[PDB]
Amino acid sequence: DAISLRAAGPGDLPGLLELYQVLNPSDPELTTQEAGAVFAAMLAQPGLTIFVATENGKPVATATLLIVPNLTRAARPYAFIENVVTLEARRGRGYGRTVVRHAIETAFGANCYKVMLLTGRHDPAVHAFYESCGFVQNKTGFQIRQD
């Protein structure tokens, strides 16, 4: 079909790399070959799913869901959502909302008690976008980085 939503798989790597280049324009442009080993590890990782929205078969948005086993809250898992990206060039078409909301729904279907997300974006429009996906800005994020 013309518009779809699915988990990523083998052949999706080139398209995903293009999205991640949009996400971080200063990142080096990894080739499909350079990225193959980590992509395979991701596909093999228990509880990790990369979701894509596609338009005419091209990935146009993505979000990664991480479901984590857990002993708190009646031993119910929790989840994070990471590396969400959409395109300039598809702004306001809803593909980001589709993929993030799908990831949330997938986590809740897996009995996660909460889904969390951290964003470093300065842009209030990004924050509003996450609220429109059902997130509430009621947690405080912390980060430490290294070179």
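Just count from 1 along the sequence shown to find any residue number.
With 42 to 50 and 116 to 124 compared on mean CA B-factor from the PDB entry, the stretch scoring higher is 116 to 124. The mean C-alpha temperature factor is higher for 22 to 30 when 22 to 30 and 93 to 101 are set side by side.
Sort the chain's modelled residues by C-alpha temperature factor and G109 lands in the middle third, per the entry. Sort the chain's modelled residues by C-alpha temperature factor and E88 lands in the highest third, per the entry. Ranked by C-alpha B-factor against the other modelled residues of its chain, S4 falls in the highest third. The deposited CA B-factor of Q143 belongs to the middle third of values across its chain.
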